[PDB]
Amino acid sequence: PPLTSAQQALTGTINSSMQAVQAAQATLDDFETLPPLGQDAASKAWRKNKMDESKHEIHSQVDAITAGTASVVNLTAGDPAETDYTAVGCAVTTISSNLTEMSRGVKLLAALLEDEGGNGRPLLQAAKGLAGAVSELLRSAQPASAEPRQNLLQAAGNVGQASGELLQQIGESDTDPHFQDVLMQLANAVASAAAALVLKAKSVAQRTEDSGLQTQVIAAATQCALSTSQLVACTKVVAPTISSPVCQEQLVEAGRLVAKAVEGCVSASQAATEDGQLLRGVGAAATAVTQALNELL
C-alpha cells in the first residue's frame with residue numbers, strides 16, 4: 001500500500017536529515033584551520049580549554065545519537081497504524097542535529113591532536129564511521145522500503161559500534177569496556193533461549209489441530225525472534241553508553257517488547273493446547289524470561 005500522509009511526512013523528515021548527514025560527512029575531510037598559536041601565555045592553555053569543551057560536548061552528542069537510534073528502533077517496531085510517525089520523526093531529527101554538532105567539535109578537536117600532539121586524523125576517521133553509519137540507519141528508516149526489519153536492526157547496532165570506537169578515540173568512554181561484552185553476551189543468551197522457544201513452537205504448531213491459527217503460533221514465534229533480535233541490536237547500540245539514563249530507558253523498553261512477544265507466544269500455543277508439548281512452551285518461556293532478567297541489570 002502507498003504511504004499514508006503521516007508516513008510521507010516521516011519521509012520528508014528522513015530526507016532533510018539524510019541531506020544534513022551527507023553535509024556533515026562532507027566536512028570531515030580536513031581539519032578546522034587553527035590560528036597557529038605558540039607557548040604564548042593564553043595560547044598554551046587554549047589547546048586544553050577547547051580540547052576539553054569539545055571532548056565532552058562530543059560525548060553528550062554521541063549520547064543523543066545512540067539514544068535516538070535506540071529510540072527509532074523501538075518506535076518503528078510497531079505495525080504501521082500503531083506506529084507514531086511524529087515521534088520517530090522527532091527521534092531522527094535528534095540523531096541528525098546532534099551529528100551536525102558533533103562534527104564541528106571533532107574537526108576542531110582532531111586538529112588540536114594533529115598540531116599539539118602528532119596525528120589526530122583517526123578522529124576525523126572515527127567521525128566518518130559514525131556519520132556513515134547513521135546514514136545507513138536513516139535509509140532503513142524510510143517507511144516505503146523493503147528490507148526487511150533485520151536490515152534496520154543491523155544498521156542501528158552499527159551506529160552503536162561507531163559511537164564506541166569514536167568515544168574511545170577521544171577517551172571519553174564511561175563504560176568499563178568489556179563490561180559491554182558482558183552486555184553483549186547477556187543479550188545473546190536471551191536470543192538463543194528464544195530460538196529454543198521459537199523452536200518448541202514449531203513443534204506445537206506443526207500439530208495444530210487443523211489450522212486456524214497454526215498460522216498464529218508461527219506468526220507469534222516469528223515475532224518472538226524479531227523482538228529478541230531487536231534487543232540484541234539495541235544492546236549493541238546503547239552499550240558504549242548505558243551510563244546515559246535514556247539509553248537505559250530504551251534498553252528496558254526493548255525488554256518489554258520481548259516479554260510481550262514471549263507471552264504472546266504462550267497463548268498462541270495454548271489456544272492450540274493440550275499435550276506435554278505445552279509444558280515445554282512454558283519452560284522455554286521461563287527460560288527467555290529469566291535470561292532477560294539478567295541482562296536487564
# chains A, B, ... in the order shown; residues from 1 in each chain; ligands from 1
$ residues_around --residues "residue A:156" --least-positions-apart "5" --cutoff "8 Å" --atoms "only C-alpha atoms" --output "count of residues only"
9
$ residues_around --residues "residue A:84" --least-positions-apart "4" --cutoff "8 Å" --atoms "only C-alpha atoms" --output "list in words"
residues 75, 76 and 88 of chain A
$ atom_distance --atom1 "atom CA of residue A:104" --atom2 "atom CA of residue A:180"
28.1 Å
$ atom_distance --atom1 "atom CA of residue A:48" --atom2 "atom CA of residue A:112"
8.8 Å
$ residues_around --residues "stretch 97-102 of chain A" --least-positions-apart "3" --cutoff "8 Å" --atoms "only C-alpha atoms" --output "tab-separated table (two decimals) with C-alpha atoms, in the first residue's frame"
chain	number	residue	atom	x	y	z
A	17	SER	CA	18.12	14.63	7.84
A	20	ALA	CA	22.36	17.04	6.64
A	21	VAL	CA	24.26	13.82	7.39
A	24	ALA	CA	28.43	16.88	7.93
A	57	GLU	CA	30.37	18.02	24.02
A	58	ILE	CA	31.21	15.20	21.61
A	61	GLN	CA	26.10	14.42	21.38
A	62	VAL	CA	27.09	10.81	20.81
A	64	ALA	CA	21.86	11.54	21.93
A	65	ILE	CA	22.74	9.77	18.67
A	93	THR	CA	15.90	14.88	13.77
A	94	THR	CA	17.63	14.41	17.16
A	105	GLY	CA	33.55	19.61	17.59
A	106	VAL	CA	35.55	16.85	16.00
A	131	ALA	CA	28.14	9.67	10.18
$ closest_residue --among "A:238, A:37, A:282, A:123" --to "residue A:109" --atoms "only C-alpha atoms"
A:123
$ residues_around --residues "residue A:113" --least-positions-apart "5" --cutoff "10 Å" --atoms "only C-alpha atoms" --output "PDB file with N, CA, C and O atoms, in the first residue's frame"
ATOM      1  N   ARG A  47      44.656  25.287  23.847  1.00  0.00           N
ATOM      2  CA  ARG A  47      44.524  23.963  23.292  1.00  0.00           C
ATOM      3  C   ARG A  47      43.867  23.019  24.323  1.00  0.00           C
ATOM      4  O   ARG A  47      43.180  22.049  23.948  1.00  0.00           O
ATOM      5  N   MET A  51      40.158  21.838  24.043  1.00  0.00           N
ATOM      6  CA  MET A  51      40.202  20.413  23.846  1.00  0.00           C
ATOM      7  C   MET A  51      39.156  19.746  24.726  1.00  0.00           C
ATOM      8  O   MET A  51      38.433  18.800  24.308  1.00  0.00           O
ATOM      9  N   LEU A 108      37.552  20.376  15.113  1.00  0.00           N
ATOM     10  CA  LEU A 108      38.350  21.245  15.943  1.00  0.00           C
ATOM     11  C   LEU A 108      39.256  20.428  16.790  1.00  0.00           C
ATOM     12  O   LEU A 108      40.487  20.648  16.821  1.00  0.00           O
ATOM     13  N   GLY A 118      50.720  14.766  17.737  1.00  0.00           N
ATOM     14  CA  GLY A 118      51.199  14.446  16.391  1.00  0.00           C
ATOM     15  C   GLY A 118      50.115  14.300  15.306  1.00  0.00           C
ATOM     16  O   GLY A 118      49.899  15.237  14.513  1.00  0.00           O
ATOM     17  N   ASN A 119      49.497  13.095  15.269  1.00  0.00           N
ATOM     18  CA  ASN A 119      48.376  12.706  14.394  1.00  0.00           C
ATOM     19  C   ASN A 119      47.018  12.621  15.114  1.00  0.00           C
ATOM     20  O   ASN A 119      46.850  11.922  16.121  1.00  0.00           O
ATOM     21  N   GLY A 120      46.040  13.319  14.565  1.00  0.00           N
ATOM     22  CA  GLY A 120      44.731  13.298  15.130  1.00  0.00           C
ATOM     23  C   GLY A 120      43.730  13.133  14.027  1.00  0.00           C
ATOM     24  O   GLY A 120      42.543  13.480  14.201  1.00  0.00           O
ATOM     25  N   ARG A 121      44.206  12.612  12.890  1.00  0.00           N
ATOM     26  CA  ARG A 121      43.357  12.226  11.775  1.00  0.00           C
ATOM     27  C   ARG A 121      42.483  10.988  12.022  1.00  0.00           C
ATOM     28  O   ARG A 121      41.470  10.784  11.339  1.00  0.00           O
ATOM     29  N   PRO A 122      42.901  10.052  12.850  1.00  0.00           N
ATOM     30  CA  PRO A 122      41.971   8.989  13.234  1.00  0.00           C
ATOM     31  C   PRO A 122      40.678   9.512  13.879  1.00  0.00           C
ATOM     32  O   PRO A 122      39.755   8.725  14.091  1.00  0.00           O
ATOM     33  N   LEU A 123      40.584  10.807  14.198  1.00  0.00           N
ATOM     34  CA  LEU A 123      39.397  11.302  14.832  1.00  0.00           C
ATOM     35  C   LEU A 123      38.423  11.590  13.735  1.00  0.00           C
ATOM     36  O   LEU A 123      37.243  11.286  13.813  1.00  0.00           O
ATOM     37  N   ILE A 170      38.586   9.743  21.434  1.00  0.00           N
ATOM     38  CA  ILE A 170      38.699  10.834  22.438  1.00  0.00           C
ATOM     39  C   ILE A 170      38.754  10.432  23.920  1.00  0.00           C
ATOM     40  O   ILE A 170      38.631  11.293  24.800  1.00  0.00           O
TER      41      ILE A 170
END
$ residues_around --residues "residue A:36" --least-positions-apart "4" --cutoff "12 Å" --atoms "only C-alpha atoms" --output "number ranges by chain"
A: 32, 40, 43-44, 46-47, 111-112, 115-116
